[PDB]
Amino acid sequence: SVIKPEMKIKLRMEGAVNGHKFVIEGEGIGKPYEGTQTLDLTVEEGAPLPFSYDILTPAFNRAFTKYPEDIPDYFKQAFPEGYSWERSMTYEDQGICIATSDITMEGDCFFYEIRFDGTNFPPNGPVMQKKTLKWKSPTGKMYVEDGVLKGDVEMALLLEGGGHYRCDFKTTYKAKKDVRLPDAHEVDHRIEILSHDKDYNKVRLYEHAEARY
Numbered sequence: 002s003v004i005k006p007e008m009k010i011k012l013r014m015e016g017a018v019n020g021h022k023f024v025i026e027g028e029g030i031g032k033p034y035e036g037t038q039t040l041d042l043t044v045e046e047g048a049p050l051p052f053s054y055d056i057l058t059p060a061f065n066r067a068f069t070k071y072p073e074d075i076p077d078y079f080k081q082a083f084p085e086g087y088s089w090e091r092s093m094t095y096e097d098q099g100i101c102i103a104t105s106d107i108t109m110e111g112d113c114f115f116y117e118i119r120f121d122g123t124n125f126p127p128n129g130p131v132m133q134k135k136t137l138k139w140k141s142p143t144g145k146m147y148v149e150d151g152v153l154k155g156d157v158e159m160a161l162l163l164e165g166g167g168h169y170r171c172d173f174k175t176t177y178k179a180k181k182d183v184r185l186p187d188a189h190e191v192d193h194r195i196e197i198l199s200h201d202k203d204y205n206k207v208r209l210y211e212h213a214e215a216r217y
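Sequence positions in the sequence shown follow the authors' numbering and run 2 to 61, 65 to 217.
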């Protein structure tokens with residue numbers, strides 16, 4: 002198949018949060034059949050970032069997931085053409101974010117085109133006040149609807165002091181060609197920042213994801 006056991010990743014994120022315009026880029030490498038990946042992100046425009054870097058991470065490719073044989077892999081089939089996704093991320097304190105991504109491929113490398121926008125985050129919130137530690141590891145629910153794939157997942161950010169800052173995720177995935185739609189299933193995730201400089205102008209991101217019934 003066009004999906005090699007080892008693939009390179011190249012991305013560019015353009016967007017804004019509470020009016021703050023920014024541009025990020027990155028490169029990495031992962032094992033699609035393993036469901037693991039690592040990325041090196043650098044803020045090319047608009048640093049330092051006035052808001053918590055964690056909100057951006059789930060925006061930085066379900067092709068990097070480990071799919072059991074008995075579940076059609078919607079993501080791997082969509083290639084070499086590729087697919088795109090749209091997502092709404094509503095936070096409990098009314099902060100909202102919506103993002104899109106267009107994923108293509110060339111040889112042994114993925115290329116994403118990402119747009120990320122957010123607004124109405126309270127100035128004294130855990131987001132604007134950078135009190136975020138990381139994302140709890142959740143189980144997201146995939147299911148088909150309207151001939152397309154949808155994923156719903158209740159996310160939560162761990163706050164300094166011990167609190168939990170909740171956010172509802174809802175994504176719509178769209179293959180660019182017809183493929184074998186799967187049965188409703190779950191996806192276990194683990195997203196983590198392994199290293200970063202002071203103001204997060206350089207970050208090393210890692211994710212481990214496996215699908216299951």
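Here a beta-carbon is modelled for each residue, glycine too, at the ideal position from N, C-alpha and C.
With respect to the C-alpha of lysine 206, the residue from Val44, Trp89 and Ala17 having the closest C-alpha is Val44.
Going by C-alpha positions, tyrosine 169 is about 36 Å away from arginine 184. Rounded to whole angstroms, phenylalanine 23 and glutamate 35 show a C-alpha spacing of 32 Å.
Residue range 87-95 is occupied by the beta strand (DSSP E) that includes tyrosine 87.
For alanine 67 and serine 199, the gap between their C-alpha atoms comes out near 24 Å. As DSSP reads the structure, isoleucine 56 sits in no beta bridge.
In summary, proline 127 is exposed, with fewer than 16 beta-carbon neighbours lying within 10 Å of its beta-carbon over all protein chains present.
Each of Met93, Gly151, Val131 and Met132 was checked against the Cα of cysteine 171, and the nearest Cα belongs to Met93.
Bridge partners of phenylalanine 68 according to DSSP: none are assigned.
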